[PDB]
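Working notes, beginning with the structure itself.
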Amino acid sequence: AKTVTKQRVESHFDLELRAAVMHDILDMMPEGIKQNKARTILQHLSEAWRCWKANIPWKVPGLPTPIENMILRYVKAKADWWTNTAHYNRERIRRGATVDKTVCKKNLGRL
Amino acid sequence: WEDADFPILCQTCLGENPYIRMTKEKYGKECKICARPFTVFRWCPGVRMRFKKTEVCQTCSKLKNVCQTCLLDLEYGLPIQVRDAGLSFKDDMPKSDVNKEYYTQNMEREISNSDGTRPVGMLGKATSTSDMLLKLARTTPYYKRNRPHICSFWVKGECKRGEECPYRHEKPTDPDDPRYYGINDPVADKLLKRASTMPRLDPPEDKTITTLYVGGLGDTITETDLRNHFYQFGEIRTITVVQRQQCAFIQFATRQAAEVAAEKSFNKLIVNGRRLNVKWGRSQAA
Amino acid sequence: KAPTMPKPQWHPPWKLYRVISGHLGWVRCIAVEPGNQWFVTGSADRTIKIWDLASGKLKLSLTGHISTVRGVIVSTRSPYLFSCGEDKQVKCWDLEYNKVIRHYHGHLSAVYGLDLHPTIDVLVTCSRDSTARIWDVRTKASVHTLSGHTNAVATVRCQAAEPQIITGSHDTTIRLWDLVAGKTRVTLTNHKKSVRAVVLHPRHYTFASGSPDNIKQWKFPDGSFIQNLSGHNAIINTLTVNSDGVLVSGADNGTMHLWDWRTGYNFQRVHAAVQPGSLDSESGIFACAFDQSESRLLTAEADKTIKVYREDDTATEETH
Amino acid sequence: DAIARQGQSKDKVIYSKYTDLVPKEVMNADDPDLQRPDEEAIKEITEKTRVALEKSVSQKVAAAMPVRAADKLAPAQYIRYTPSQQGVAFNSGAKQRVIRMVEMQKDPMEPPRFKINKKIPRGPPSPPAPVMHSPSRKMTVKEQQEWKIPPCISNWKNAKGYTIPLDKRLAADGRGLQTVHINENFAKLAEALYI
Amino acid sequence: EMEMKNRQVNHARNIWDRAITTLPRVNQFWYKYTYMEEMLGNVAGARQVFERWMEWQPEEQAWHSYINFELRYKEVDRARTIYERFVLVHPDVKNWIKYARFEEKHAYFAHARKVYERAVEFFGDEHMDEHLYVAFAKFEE
Amino acid sequence: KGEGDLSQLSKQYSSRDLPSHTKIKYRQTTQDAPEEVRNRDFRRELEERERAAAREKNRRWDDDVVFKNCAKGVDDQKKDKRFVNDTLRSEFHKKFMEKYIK
Ligand SMILES: [Zn+2]
Ligand SMILES: [Zn+2]
Ligand SMILES: [Zn+2]
């Protein structure tokens with residue numbers, strides 16, 4: 001196999017988060033014949049993250065409470081990782097650790 | 001991918017010597033069908049004979065009860081196509097490389113790791129044998145399989161070695177009559193040979209020879225066994241058993257069923273462990 | 001009038017007495033030394049840290065993971081611990097120098113859980129693609145890969161008595177393996193919702209399983225359905241069991257439930273409130289473990305907090 | 001039982017009947033069938049498992065990393081195999097045919113000869129045991145309507161359907177809400193400046 | 001259903017039996033195999049399939065369908081034989097009133113009194129379940 | 001009999017897979033070795049340790065100005081040290097957002 005390097009950080013955490021919510025909604029939904037229309041709860045999770053990034057309050061009607069509050073705690077965990085990486089690489093480009101254009105031009109939008 | 005301890009080795013490739021020395025390897029050559037890394041073994045059968053190292057692997061030999069290096073059957077000493085033409089069940093296997101070949105080969109190796117004693121599909125239908133394939137079952141075979149292949153520079157007359165060239169000499173081959181299922185050129189002529197044997201010449205009339213002179217009774221053949229072996233062919237009109245010559249006389253209504261008995265008993269009807277004696281009756285009121 | 005009603009053993013209840021909240025990232029697993037000094041935990045902070053059991057102070061933290069930490073365990077024969085997570089890496093953290101010495105790798109996907117053998121120097125690991133694998137200490141080579149599942153494997157336990165390896169997976173089945181040959185011994189099909197928690201007791205037989213629907217109980221030789229428990233219908237993550245007969249189940253909705261081993265009786269039905277920063281529904285128990293004295297229980301929840309329970313020296317908690 | 005046991009060598013498919021998923025009778029202190037064995041049995045099976053995995057990992061280390069100075073073998077053994085397939089007159093006198101087996105020396109100037117690059121799909125696994133869940137229930141016609149999802153009204157989707165009906169446009173409460181929208185202390189500021 | 005649509009019945013049974021022993025808890029496989037046997041004869045192998053179908057403990061929808069199967073071939077003794085294990089699983093009042101069905105089928109007199117004893121001694125010892133004595137007094141009228 | 005690529009089918013003498021740390025350090029008797037685990041109480045020692053650890057914490061200058069005295073600094077005191085794990089409202093984030101930007 002291959003390890004995770006500094007470039008496949010954001011392209012692995014999202015995969016693990018969507019896999020975790022996949023096998024969580026596969027094991028939380030009741031005995032109905034349909035699960036998720038094969039991608040829709042992932043779309044609601046992604047749109048809740050995009051609405052949190054613009055701080056849109058994301059009040060969608062007609063929705064069950066366990067899937068929406070598990071989406072809320074998952075985007076809160078992604079927010080915690082996002083801000084704890086933002087503080088860390090801001091301190092690193094403050095003291096002068098890395099000189100990466102990707103990290104600095106990403107941290108501009110991540111502040 | 002494959003390790004082994006000892007190969008199949010039918011008797012015609014072992015040689016005439018019970019005392020042979022053999023060297024072994026751990027990962028030798030590829031099979032010429034599926035390219036699997038078996039263990040090639042090398043030995044010397046005879047003093048005028050080549051080495052005949054190894055042709056195929058152990059697994060492909062365990063599918064069809066095939067020997068190791070000349071691709072013949074172990075149970076008779078015949079090719080595969082004659083065997084599954086005589087038994088009329090082929091036990092199919094693919095032809096391509098990665099389509100379905102190594103898939104079912106690896107699976108049939110996986111399900112056969114327990115026994116290693118009998119083939120996977122021939123165990124039930126190698127029992128009903130010795131009827132049509134015992135007629136050509138060669139005992140004490142020719143050792144010309146073991147002689148080395150033809151060398152060059154004697155065809156062109158350049159061979160400096162002369163007599164000490166180990167392979168062969170003065171053998172002109174013929175480019176008119178030389179894989180796994182088909183097609184094999186001299187085997188078609190061998191099936192024509194077993195289809196063109198030497199029976200009695202059929203006399204030109206309309207099926208009047210319903211009597212038959214079968215003998216060699218002794219103490220094995222009885223009257224009820226013979227009339228029940230004829231009962232599967234059909235019904236009788238007048239049968240008798242004579243004991244001064246140890247013979248039996250049978251007839252049939254409309255000859256044809258006894259006709260296949262004429263196909264069954266031309267020194268061929270083997271019941272009670274004896275080659276019976278059969279010649280023609282009169283059918284002439286003589 | 002109910003069957004097995006007059007005979008549960010009276011366990012005194014558990015109550016809060018301290019909480020431990022220092023992480024920045026979801027705390028996931030709890031392990032504890034056999035020497036009753038401290039307990040090690042990991043998080044989505046990518047910083048494994050240990051906490052003193054009596055004083056509650058932070059002894060030290062240490063980083064080095066690229067992704068979250070989904071499992072942590074300490075060895076009994078050896079003065080070092082093991083950790084693993086979704087960075088496709090299983091790290092062997094030395095404790096004499098606080099550094100990584102082995103750096104196991106070879107898994108084609110992420111890593112969920114791990115476990116040690118109590119007697120010999122082997123390790124078992126359950127991953128995300130389809131497999132559990134055996135890591136040999138002193139060699140760091142995969143001896144056996146256990147490939148019989150069709151989904152991820154949540155937890156894994158192994159012991160010294162036969163059968164060795166118990167793997168409960170996300171394709172709604174458990175299976176008990178053979179550690180020598182590598183092939184499976186028995187497969188176990190129940191639990192419409194997938195199994196996420198198995199545990200050894202460790203005194204006598206009859207291990208237990210864990211799933212969101214009708215949590216069950218099993219046996220070491222030949223397999224045997226002993227008993228199913230009551231309506232603990234939340235989606236669960238962890239099971240921990242004590243030798244004197246009390247058991248605890250940690251779920252995803254914050255509700256953690258106590259049981260007994262003699263009957264199967266739900267005793268307390270306690271729910272944990274949130275520390276101020278968390279919202280109304282974020283609490284989910286992802287780790288729980290007793291002390292080696294088994295006088296203290298401590299859980300790591302999804303609110304980035306370890307809650308520690310002690311006993312209650314009262315008498316009026318009788319069983320109806 | 002052989003319908004679900006197919007191909008296996010007497011495994012634990014005895015689950016296949018209904019009678020072993022009912023709750024077993026209540027145990028309290030039955031020592032021989034419930035308690036663990038003594039230390040000697042677990043130690044001897046631990047020693048057997050340890051020497052099994054030790055010889056396995058020794059063959060692995062002498063196979064994965066075999067490069068450093070290992071002797072081949074001492075092939076002084078013979079093998080005696082009876083020709084019990086054909087011989088009645090085949091090689092007249094061949095009765096048990098002991099032969100010599102030595103090993104060819106592999107020189108350490110050889111790359112790997114055979115292309116290990118084959119990739120096949122994974123074959124049929126172990127055959128499926130019976131599944132034996134609880135009796136499956138179906139709730140109502142209305143709770144199944146409760147456990148469904150509306151379509152996605154995302155701004156960037158890059159997926160199946162952008163899904164425009166006549167309704168579902170603002171996709172919020174009102175896109176902005178303050179629950180009182182004002183405080184009256186503003187008035188306690190404002191006219192206080194005005195006067 | 002594909003192998004059932006063709007005329008091969010042996011391979012059809014060879015896939016139906018492993019299907020129903022693989023997934024016991026589903027009902028449709030057993031239903032369609034027994035319906036294929038409705039298209040086939042009424043041999044005792046069908047009864048072996050039905051007793052295996054009784055053995056897995058299904059709901060009421062299977063069991064009274066099987067007693068309707070026993071009614072549609074006019075079986076008196078065997079339908080009485082398979083119906084004793086029926087009441088010990090489901091104590092439903094819809095089944096308590098229909099354990100007294102040989103009254104409206106055979107009139108069953110002395111054993112009807114025994115079945116009414118069975119209707120009066122079991123559960124509903126002080127509350128009657130407000131429905132059993134209605135049908136009891138209906139047949140006694 | 002036909003293992004994976006790690007066993008025999010490869011000469012990839014790969015990096016990071018070397019006989020490093022080919023001896024295992026065993027936990028000796030002065031640490032928490034299992035021989036001292038099989039007999040110690042674990043219960044009274046934790047009790048005395050937590051009881052030992054619980055006792056560890058035992059005019060004529062500005063008469064023209066408008067605001068003569070605000071009389072409060074924070075209006076109670078400045079000692080809160082609380083914990084909000086909401087990362088937008090944490091006080092570490094407050095110092096991050098009041099220090100680095102202006
Ligand atoms: Zn081959
Ligand atoms: Zn041969
Ligand atoms: Zn020559």
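Naming works like this for the structure tokens: A, B, ... for the chains as they're shown, residue 1 at the start of each chain, ligands 1 onward in shown order.
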
message = Which residues are near ligand 2 in this structure, taking near to mean any atom at most 9 Å from a ligand atom and counting only C-alpha atoms and all ligand atoms? Format them as number ranges by chain.
response = B: 8-14, 54-55, 66-74, 77

Generate a file of the selected residues that holds N, CA, C and O atoms, formatted as a compact mmCIF listing (two decimals), in the first residue's frame.
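Full text of part21.txt as output:
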# COMPACT_ATOMS: atom_id res chain seq x y z
N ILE B 8 3.67 -37.40 -11.09
CA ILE B 8 2.81 -38.53 -11.40
C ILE B 8 3.60 -39.68 -12.02
O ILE B 8 3.61 -40.80 -11.48
N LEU B 9 4.26 -39.43 -13.16
CA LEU B 9 5.25 -40.32 -13.77
C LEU B 9 4.76 -41.72 -14.14
O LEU B 9 5.08 -42.69 -13.43
N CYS B 10 3.95 -41.83 -15.19
CA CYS B 10 3.60 -43.13 -15.77
C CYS B 10 4.85 -43.90 -16.21
O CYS B 10 5.92 -43.32 -16.44
N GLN B 11 4.68 -45.22 -16.37
CA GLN B 11 5.82 -46.14 -16.43
C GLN B 11 6.64 -45.99 -17.71
O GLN B 11 7.85 -46.25 -17.70
N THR B 12 6.03 -45.53 -18.81
CA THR B 12 6.75 -45.44 -20.07
C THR B 12 7.75 -44.28 -20.10
O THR B 12 8.58 -44.22 -21.01
N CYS B 13 7.69 -43.37 -19.13
CA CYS B 13 8.66 -42.29 -19.03
C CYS B 13 9.66 -42.49 -17.89
O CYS B 13 10.64 -41.74 -17.81
N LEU B 14 9.43 -43.47 -17.02
CA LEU B 14 10.40 -43.77 -15.97
C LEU B 14 11.65 -44.43 -16.53
O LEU B 14 12.74 -44.26 -15.99
N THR B 54 10.36 -32.37 -17.48
CA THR B 54 9.00 -32.16 -16.99
C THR B 54 8.28 -31.26 -17.99
O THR B 54 8.83 -30.27 -18.45
N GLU B 55 7.03 -31.61 -18.32
CA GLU B 55 6.26 -30.81 -19.25
C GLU B 55 5.30 -29.86 -18.54
O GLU B 55 5.34 -28.65 -18.77
N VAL B 66 -3.64 -37.30 -15.68
CA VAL B 66 -2.62 -37.25 -16.71
C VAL B 66 -1.26 -37.40 -16.04
O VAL B 66 -1.03 -36.93 -14.92
N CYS B 67 -0.34 -38.09 -16.73
CA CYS B 67 1.04 -38.18 -16.28
C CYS B 67 1.78 -36.85 -16.43
O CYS B 67 1.21 -35.86 -16.90
N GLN B 68 3.06 -36.84 -16.08
CA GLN B 68 3.76 -35.58 -15.87
C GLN B 68 4.41 -35.01 -17.13
O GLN B 68 4.36 -33.80 -17.33
N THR B 69 4.99 -35.84 -18.00
CA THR B 69 5.88 -35.24 -18.98
C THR B 69 5.54 -35.53 -20.43
O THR B 69 5.99 -34.80 -21.32
N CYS B 70 4.77 -36.58 -20.72
CA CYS B 70 4.41 -36.88 -22.11
C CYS B 70 2.94 -36.66 -22.41
O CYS B 70 2.53 -36.89 -23.55
N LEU B 71 2.15 -36.24 -21.41
CA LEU B 71 0.72 -35.91 -21.55
C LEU B 71 -0.12 -37.09 -22.04
O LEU B 71 -0.82 -37.02 -23.05
N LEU B 72 -0.04 -38.20 -21.29
CA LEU B 72 -0.92 -39.34 -21.47
C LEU B 72 -1.60 -39.68 -20.15
O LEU B 72 -1.22 -39.16 -19.10
N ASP B 73 -2.61 -40.54 -20.22
CA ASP B 73 -3.34 -40.91 -19.02
C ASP B 73 -2.54 -41.92 -18.20
O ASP B 73 -1.79 -42.73 -18.74
N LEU B 74 -2.71 -41.85 -16.88
CA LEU B 74 -2.06 -42.81 -15.99
C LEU B 74 -2.81 -44.14 -15.92
O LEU B 74 -2.17 -45.18 -15.74
N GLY B 77 -2.71 -45.25 -20.31
CA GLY B 77 -1.58 -44.99 -21.19
C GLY B 77 -2.07 -44.51 -22.54
O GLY B 77 -1.50 -44.86 -23.58

inquiry  = Could you list, as a PyMOL selection string, all protein and nucleic acid residues with an atom at most 10 Å from ligand 1, counting only C-alpha atoms and all ligand atoms?
reply    = chain B and resi 30-38+55-63+102+105

For the residues selected in the previous step, produce a file with N, CA, C and O atoms as a compact mmCIF listing (two decimals), in the first residue's frame.
# COMPACT_ATOMS: atom_id res chain seq x y z
N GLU B 30 7.96 -22.87 -16.41
CA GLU B 30 6.53 -22.63 -16.55
C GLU B 30 5.87 -23.75 -17.33
O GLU B 30 6.50 -24.41 -18.17
N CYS B 31 4.60 -23.97 -17.04
CA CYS B 31 3.80 -24.91 -17.82
C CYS B 31 3.52 -24.31 -19.19
O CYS B 31 3.40 -23.09 -19.34
N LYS B 32 3.43 -25.17 -20.21
CA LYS B 32 3.21 -24.68 -21.56
C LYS B 32 1.75 -24.38 -21.86
O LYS B 32 1.43 -24.04 -23.01
N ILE B 33 0.86 -24.49 -20.87
CA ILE B 33 -0.56 -24.19 -21.06
C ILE B 33 -0.91 -22.93 -20.28
O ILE B 33 -1.45 -21.97 -20.85
N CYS B 34 -0.60 -22.91 -18.99
CA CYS B 34 -1.07 -21.86 -18.09
C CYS B 34 0.05 -21.08 -17.41
O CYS B 34 -0.25 -20.17 -16.63
N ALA B 35 1.31 -21.44 -17.68
CA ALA B 35 2.51 -20.75 -17.15
C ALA B 35 2.55 -20.71 -15.62
O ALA B 35 2.72 -19.65 -15.03
N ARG B 36 2.39 -21.87 -14.98
CA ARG B 36 2.46 -21.93 -13.52
C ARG B 36 3.83 -22.44 -13.07
O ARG B 36 4.32 -23.44 -13.60
N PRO B 37 4.46 -21.77 -12.09
CA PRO B 37 5.81 -22.18 -11.65
C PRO B 37 5.84 -23.46 -10.83
O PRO B 37 5.84 -23.42 -9.60
N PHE B 38 5.89 -24.60 -11.51
CA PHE B 38 6.01 -25.89 -10.84
C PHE B 38 7.47 -26.15 -10.45
O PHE B 38 8.33 -25.27 -10.51
N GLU B 55 7.03 -31.61 -18.32
CA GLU B 55 6.26 -30.81 -19.25
C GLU B 55 5.30 -29.86 -18.54
O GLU B 55 5.34 -28.65 -18.77
N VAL B 56 4.44 -30.39 -17.67
CA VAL B 56 3.36 -29.63 -17.06
C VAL B 56 3.50 -29.67 -15.54
O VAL B 56 4.42 -30.26 -15.00
N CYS B 57 2.55 -29.02 -14.87
CA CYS B 57 2.55 -28.91 -13.42
C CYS B 57 1.79 -30.07 -12.79
O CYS B 57 1.32 -30.98 -13.47
N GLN B 58 1.67 -30.02 -11.46
CA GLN B 58 0.97 -31.09 -10.74
C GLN B 58 -0.54 -30.90 -10.80
O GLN B 58 -1.28 -31.89 -10.89
N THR B 59 -1.00 -29.65 -10.78
CA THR B 59 -2.43 -29.36 -10.67
C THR B 59 -3.18 -29.77 -11.93
O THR B 59 -4.19 -30.47 -11.87
N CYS B 60 -2.66 -29.36 -13.10
CA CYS B 60 -3.24 -29.75 -14.38
C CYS B 60 -3.15 -31.24 -14.65
O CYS B 60 -3.93 -31.76 -15.45
N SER B 61 -2.22 -31.94 -14.00
CA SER B 61 -2.19 -33.40 -14.06
C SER B 61 -3.24 -34.00 -13.13
O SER B 61 -3.73 -35.11 -13.37
N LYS B 62 -3.60 -33.28 -12.07
CA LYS B 62 -4.59 -33.80 -11.13
C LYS B 62 -6.02 -33.58 -11.61
O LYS B 62 -6.96 -34.16 -11.04
N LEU B 63 -6.23 -32.76 -12.64
CA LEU B 63 -7.57 -32.59 -13.19
C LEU B 63 -8.04 -33.82 -13.97
O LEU B 63 -9.15 -34.30 -13.75
N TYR B 102 -7.22 -19.12 -15.44
CA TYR B 102 -6.53 -19.18 -14.16
C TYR B 102 -7.51 -19.03 -13.00
O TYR B 102 -7.22 -19.51 -11.90
N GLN B 105 -8.86 -22.51 -12.59
CA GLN B 105 -7.72 -23.35 -12.24
C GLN B 105 -7.30 -23.15 -10.79
O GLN B 105 -7.04 -24.12 -10.07

task = Enumerate as an NGL selection string the residues within 12 Å of ligand 3, counting only C-alpha atoms and all ligand atoms.
result = :B and (148-171)

Would you save the residues of that selection, restricted to N, CA, C and O atoms, as a short mmCIF file (atom, residue, chain, number, x, y, z; two decimals), in the first residue's frame?
data_model
loop_
_atom_site.label_atom_id
_atom_site.label_comp_id
_atom_site.auth_asym_id
_atom_site.auth_seq_id
_atom_site.Cartn_x
_atom_site.Cartn_y
_atom_site.Cartn_z
N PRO B 148 16.25 -39.69 -27.68
CA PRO B 148 16.35 -38.23 -27.83
C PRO B 148 15.87 -37.75 -29.19
O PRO B 148 15.76 -38.52 -30.15
N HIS B 149 15.59 -36.45 -29.25
CA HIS B 149 15.09 -35.84 -30.48
C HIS B 149 16.20 -35.76 -31.53
O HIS B 149 17.38 -35.99 -31.26
N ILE B 150 15.80 -35.42 -32.76
CA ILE B 150 16.73 -35.45 -33.88
C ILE B 150 17.65 -34.24 -33.82
O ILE B 150 17.26 -33.13 -33.42
N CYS B 151 18.92 -34.46 -34.17
CA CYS B 151 19.90 -33.38 -34.19
C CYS B 151 20.11 -32.88 -35.61
O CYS B 151 19.77 -33.55 -36.59
N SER B 152 20.67 -31.68 -35.71
CA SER B 152 21.05 -31.15 -37.01
C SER B 152 22.46 -31.63 -37.37
O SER B 152 23.04 -32.49 -36.71
N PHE B 153 22.96 -31.12 -38.51
CA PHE B 153 24.31 -31.29 -39.04
C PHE B 153 24.62 -32.72 -39.50
O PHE B 153 25.71 -32.99 -40.01
N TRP B 154 23.67 -33.64 -39.33
CA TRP B 154 23.66 -34.91 -40.04
C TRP B 154 22.70 -34.89 -41.22
O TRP B 154 22.92 -35.61 -42.20
N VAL B 155 21.66 -34.06 -41.14
CA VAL B 155 20.81 -33.76 -42.29
C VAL B 155 21.60 -33.03 -43.36
O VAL B 155 21.45 -33.31 -44.56
N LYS B 156 22.48 -32.11 -42.96
CA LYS B 156 23.34 -31.38 -43.88
C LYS B 156 24.73 -31.98 -44.02
O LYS B 156 25.50 -31.52 -44.86
N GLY B 157 25.07 -32.99 -43.22
CA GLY B 157 26.37 -33.63 -43.32
C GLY B 157 27.53 -32.83 -42.77
O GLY B 157 28.62 -32.87 -43.34
N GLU B 158 27.33 -32.11 -41.66
CA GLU B 158 28.35 -31.24 -41.09
C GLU B 158 28.82 -31.73 -39.72
O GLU B 158 29.79 -31.17 -39.19
N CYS B 159 28.20 -32.78 -39.18
CA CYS B 159 28.40 -33.22 -37.80
C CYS B 159 29.82 -33.73 -37.59
O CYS B 159 30.20 -34.80 -38.06
N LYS B 160 30.62 -32.93 -36.88
CA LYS B 160 32.01 -33.27 -36.59
C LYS B 160 32.12 -34.36 -35.53
O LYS B 160 33.11 -35.10 -35.51
N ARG B 161 31.11 -34.48 -34.66
CA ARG B 161 31.15 -35.47 -33.58
C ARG B 161 31.06 -36.89 -34.11
O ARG B 161 31.71 -37.80 -33.57
N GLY B 162 30.26 -37.12 -35.15
CA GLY B 162 30.16 -38.44 -35.73
C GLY B 162 29.28 -39.38 -34.92
O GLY B 162 28.06 -39.25 -34.92
N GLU B 163 29.91 -40.33 -34.23
CA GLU B 163 29.19 -41.30 -33.41
C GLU B 163 28.91 -40.80 -32.00
O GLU B 163 27.90 -41.19 -31.41
N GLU B 164 29.76 -39.92 -31.47
CA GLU B 164 29.60 -39.45 -30.10
C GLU B 164 28.54 -38.36 -29.95
O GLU B 164 28.37 -37.85 -28.84
N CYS B 165 27.84 -37.99 -31.03
CA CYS B 165 26.68 -37.11 -30.93
C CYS B 165 25.55 -37.86 -30.23
O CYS B 165 25.08 -38.89 -30.74
N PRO B 166 25.10 -37.39 -29.07
CA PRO B 166 24.25 -38.23 -28.21
C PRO B 166 22.80 -38.34 -28.65
O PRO B 166 22.09 -39.20 -28.11
N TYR B 167 22.33 -37.52 -29.58
CA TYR B 167 20.89 -37.41 -29.78
C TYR B 167 20.33 -38.57 -30.59
O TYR B 167 19.73 -39.49 -30.03
N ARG B 168 20.63 -38.60 -31.89
CA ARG B 168 20.19 -39.59 -32.88
C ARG B 168 21.00 -39.36 -34.15
O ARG B 168 21.74 -38.39 -34.27
N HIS B 169 20.83 -40.28 -35.10
CA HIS B 169 21.38 -40.15 -36.44
C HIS B 169 20.59 -41.06 -37.37
O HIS B 169 19.83 -41.92 -36.93
N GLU B 170 20.78 -40.83 -38.68
CA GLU B 170 20.15 -41.53 -39.82
C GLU B 170 18.64 -41.75 -39.66
O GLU B 170 18.09 -42.78 -40.06
N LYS B 171 17.95 -40.75 -39.11
CA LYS B 171 16.49 -40.78 -38.96
C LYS B 171 15.91 -39.63 -39.79
O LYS B 171 15.86 -38.49 -39.32
#

remark   = residue C:171 proximity check over C:152, C:141, C:287, C:270, using only C-alpha atoms: winner is C:152

inquiry  = Under the rule that only C-alpha atoms are counted, which of C:160, C:29, C:285, C:197 is the nearest residue to residue C:172?
reply    =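 Closest candidate: C:197.
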
message = Which residues are close to residue B:51, i.e. within 9 Å by only C-alpha atoms, leaving aside same-chain residues fewer than 3 positions away? Reply as a PyMOL selection string.
response = chain B and resi 42-46+146+148

Those same residues - C-alpha atoms - I'd like them written as an mmCIF file, in the first residue's frame.
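Written file, out_22.cif:
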data_model
loop_
_atom_site.group_PDB
_atom_site.id
_atom_site.type_symbol
_atom_site.label_atom_id
_atom_site.label_comp_id
_atom_site.auth_asym_id
_atom_site.auth_seq_id
_atom_site.Cartn_x
_atom_site.Cartn_y
_atom_site.Cartn_z
ATOM 1 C CA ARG B 42 15.535 -34.106 -14.010
ATOM 2 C CA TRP B 43 16.629 -37.733 -14.322
ATOM 3 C CA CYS B 44 18.261 -40.198 -16.708
ATOM 4 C CA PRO B 45 15.994 -43.135 -17.727
ATOM 5 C CA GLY B 46 18.384 -45.054 -19.980
ATOM 6 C CA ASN B 146 12.447 -42.061 -24.476
ATOM 7 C CA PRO B 148 16.353 -38.233 -27.830
#

task = Write out as an MDAnalysis selection string the residues lying within 10 Å of stretch 99-104 of chain A, counting only C-alpha atoms and excluding same-chain residues fewer than 5 positions away.
result = chainID A and resid 86 89:90 92:93 109:110

key: Selection: 12 Å around stretch 21-36 of chain F, only C-alpha atoms, excl. self and same-chain fewer than 3 positions, as a ChimeraX atom specification   = /C:33-38,75-80,92,94-96,100-103,118-122,136-140 /F:17-18,39-42

message = Using only C-alpha atoms, which protein or nucleic acid residues come within 10 Å of residue F:87? Drop anything in the same chain fewer than 4 positions from it, and give the result as a ChimeraX atom specification.
response = /A:76,79-84 /C:24,277 /F:91-94

Go ahead and write the selection's residues with N, CA and C atoms as a PDB file, in the first residue's frame.
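What follows is the written file result24.pdb:
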ATOM      1  N   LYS A  76     -19.349  19.580  12.703  1.00  0.00           N
ATOM      2  CA  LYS A  76     -18.676  20.216  13.833  1.00  0.00           C
ATOM      3  C   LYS A  76     -17.308  19.591  14.087  1.00  0.00           C
ATOM      4  N   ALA A  79     -15.182  20.928  11.436  1.00  0.00           N
ATOM      5  CA  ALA A  79     -14.859  22.307  11.788  1.00  0.00           C
ATOM      6  C   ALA A  79     -13.764  22.379  12.845  1.00  0.00           C
ATOM      7  N   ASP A  80     -13.797  21.466  13.822  1.00  0.00           N
ATOM      8  CA  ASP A  80     -12.764  21.418  14.854  1.00  0.00           C
ATOM      9  C   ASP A  80     -11.410  21.066  14.254  1.00  0.00           C
ATOM     10  N   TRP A  81     -11.382  20.071  13.358  1.00  0.00           N
ATOM     11  CA  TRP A  81     -10.141  19.721  12.666  1.00  0.00           C
ATOM     12  C   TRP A  81      -9.665  20.860  11.769  1.00  0.00           C
ATOM     13  N   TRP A  82     -10.610  21.552  11.128  1.00  0.00           N
ATOM     14  CA  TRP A  82     -10.304  22.639  10.204  1.00  0.00           C
ATOM     15  C   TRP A  82      -9.676  23.822  10.935  1.00  0.00           C
ATOM     16  N   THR A  83     -10.265  24.215  12.067  1.00  0.00           N
ATOM     17  CA  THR A  83      -9.733  25.347  12.820  1.00  0.00           C
ATOM     18  C   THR A  83      -8.467  24.976  13.588  1.00  0.00           C
ATOM     19  N   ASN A  84      -8.363  23.735  14.077  1.00  0.00           N
ATOM     20  CA  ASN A  84      -7.137  23.317  14.747  1.00  0.00           C
ATOM     21  C   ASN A  84      -5.972  23.129  13.786  1.00  0.00           C
TER      22      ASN A  84
ATOM     23  N   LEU C  24      -8.749  18.700  21.787  1.00  0.00           N
ATOM     24  CA  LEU C  24      -9.281  19.538  20.707  1.00  0.00           C
ATOM     25  C   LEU C  24      -9.383  18.647  19.468  1.00  0.00           C
ATOM     26  N   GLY C 277     -19.756  23.787  26.180  1.00  0.00           N
ATOM     27  CA  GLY C 277     -19.527  24.021  24.764  1.00  0.00           C
ATOM     28  C   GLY C 277     -20.329  23.162  23.807  1.00  0.00           C
TER      29      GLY C 277
ATOM     30  N   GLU F  91     -11.808  30.799  24.013  1.00  0.00           N
ATOM     31  CA  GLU F  91     -11.007  31.972  24.355  1.00  0.00           C
ATOM     32  C   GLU F  91      -9.630  31.931  23.700  1.00  0.00           C
ATOM     33  N   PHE F  92      -9.143  30.734  23.358  1.00  0.00           N
ATOM     34  CA  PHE F  92      -7.936  30.625  22.545  1.00  0.00           C
ATOM     35  C   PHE F  92      -8.181  31.186  21.151  1.00  0.00           C
ATOM     36  N   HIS F  93      -9.370  30.929  20.600  1.00  0.00           N
ATOM     37  CA  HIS F  93      -9.755  31.535  19.332  1.00  0.00           C
ATOM     38  C   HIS F  93      -9.972  33.038  19.475  1.00  0.00           C
ATOM     39  N   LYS F  94     -10.405  33.491  20.657  1.00  0.00           N
ATOM     40  CA  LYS F  94     -10.554  34.925  20.895  1.00  0.00           C
ATOM     41  C   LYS F  94      -9.198  35.622  20.915  1.00  0.00           C
TER      42      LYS F  94
END
